[PDB]
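Here's the structure we're looking at; comments come further down.
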Amino acid sequence: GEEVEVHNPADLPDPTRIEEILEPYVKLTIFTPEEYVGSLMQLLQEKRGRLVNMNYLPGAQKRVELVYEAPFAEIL
Amino acid sequence: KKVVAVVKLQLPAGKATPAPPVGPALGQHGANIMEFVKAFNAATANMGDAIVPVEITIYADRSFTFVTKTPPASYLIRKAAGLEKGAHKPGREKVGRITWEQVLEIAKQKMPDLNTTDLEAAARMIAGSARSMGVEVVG
Amino acid sequence: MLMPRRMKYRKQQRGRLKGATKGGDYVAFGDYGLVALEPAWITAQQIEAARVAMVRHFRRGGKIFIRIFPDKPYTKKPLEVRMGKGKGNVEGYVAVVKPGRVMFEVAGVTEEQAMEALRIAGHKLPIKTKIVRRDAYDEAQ
RNA sequence: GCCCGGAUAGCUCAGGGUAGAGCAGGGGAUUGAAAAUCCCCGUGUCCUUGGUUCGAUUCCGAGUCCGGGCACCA
Ligand SMILES: [Mg+2]
Ligand SMILES: [Mg+2]
Ligand SMILES: [Mg+2]
Ligand SMILES: [Mg+2]
Ligand SMILES: [Mg+2]
Ligand SMILES: [Mg+2]
């Protein structure tokens with residue numbers, strides 16, 4: 001089954017019999033103005049966030065909204 | 001109400017949903033996003049699939065207008081003898097092989113794109129995409 | 001790095017470094033060569049560093065001809081030791097190179113590749129050198 | 001850095017025509033059920049990356065590293 005490598009990376013279960021280590025991810029939404037977007041994406045890349053979605057709220061003209069699934073630990 | 005940007009880009013006849021670059025460039029827009037899908041993946045589907053871009057024009061009251069063509073000479077050669085890469089190490093690698101007229105059909109489709117309305121200069125054309133994936137011209 | 005597989009004698013006297021080279025003065029196997037302009041005991045570690053440098057430059061393609069061999073053993077007393085008590089121990093091998101000698105040759109390689117690989121390789125040796133290109137004069141030899 | 005070598009399974013390891021064994025495990029045999037013993041079975045991206053070959057753990061590079069030599073190191 002499953003349980004949590006708690007406040008002790010040392011106190012694992014035996015990585016002998018192991019198949020899935022799970023990070024906490026998070027639904028991460030970024031309201032940038034204009035195409036700082038270019039900067040933003042490079043940042044979220046090395047933070048290992050998957051790009052799921054982006055949407056322009058037009059009007060003038062900057063405003064872009066980015067949605068990301070990213071490992072919770074990679075913020076903090 | 002976005003300006004009149006001249007929309008030269010590089011998209012694919014099939015791979016079509018609002019993941020980038022469908023979004024960033026077509027931000028300055030307001031068009032029916034799933035139309036390069038719809039009309040382009042359907043009306044030019046006889047050839048197969050693959051990459052062809054699209055030339056839209058945005059006008060301020062959210063107006064689209066686009067025309068396109070033919071999957072890339074490196075696709076029309078992937079149906080040929082069964083490839084989906086090149087040959088990694090060509091110049092000597094003769095994986096698939098074609099005849100001087102089994103590579104005369106492939107320009108029946110990409111003919112209206114170069115400047116050669118002669119399917120000799122349009123044969124060695126698509127047969128040049130051969131070498132950079134290694135498929136040969138027999139004897 | 002090169003050393004003889006066996007020797008009649010372990011230690012040998014220093015000798016003089018006089019004269020132009022006796023032979024090996026014409027490009028004999030490749031298209032370009034590096035020739036010595038001054039005499040020297042070129043050590044094996046030097047030869048190895050010159051070889052590798054050109055190799056690295058030919059990462060895909062090329063033949064390297066090393067036409068000098070370090071057969072002369074090099075002797076050195078242990079440090080902080082008074083004069084006497086016999087001749088030092090062999091601590092390495094050198095090749096005696098006199099001016100005019102062709103030390104390295106490259107083939108199978110564009111002119112630019114050849115004169116760049118030989119230029120680096122010169123920078124590894126304790127002597128001034130000259131890069132040369134197989135001549136009718138080599139063919140006549 | 002250097003000379004010798006030495007990185008092959010979760011671990012300790014044997015070794016130019018695709019490499020195994022102990023071991024840990026999981027399961028099984030034995031038992032009333034265990035311990036001990038024994039059987040069975042894997043993912044090896046033969047340490048990483050590039051090249052050499054028709055064929056590389058092997059050969060040529062580079063990278064990081066491990067055990068012994070020198071050397072720096074009140
Ligand atoms: Mg010296
Ligand atoms: Mg001496
Ligand atoms: Mg003395
Ligand atoms: Mg001595
Ligand atoms: Mg010099
Ligand atoms: Mg002290």
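Going from the start of the chain as shown, residues are counted 1 onward.
Per the header of the entry, the method used was X-ray crystallography, 2.6 Å.
Cβ coordinates come from backbone N, Cα and C, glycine included.
The annotation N6,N6,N6-trimethyllysine is assigned in Swiss-Prot to B:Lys2, B:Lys38, B:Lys69.
Cβ neighbour density within 10 Å is lowest for B:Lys38 among the modified residues B:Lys2, B:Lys38, B:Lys69. Across the structure, B:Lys38 (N6,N6,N6-trimethyllysine) and B:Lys69 (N6,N6,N6-trimethyllysine) are spaced 15 Å apart at their Cα atoms. Taking the Cα atom of each, B:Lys2 (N6,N6,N6-trimethyllysine) and B:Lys69 (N6,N6,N6-trimethyllysine) are about 27 angstrom apart. Using a Cβ-Cβ cut-off of under 8 Å to chain A, the modified residues B:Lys2, B:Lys38, B:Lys69 reduce to B:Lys2. The secondary structure of B:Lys38 (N6,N6,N6-trimethyllysine), as reduced to three states from DSSP, is helical.
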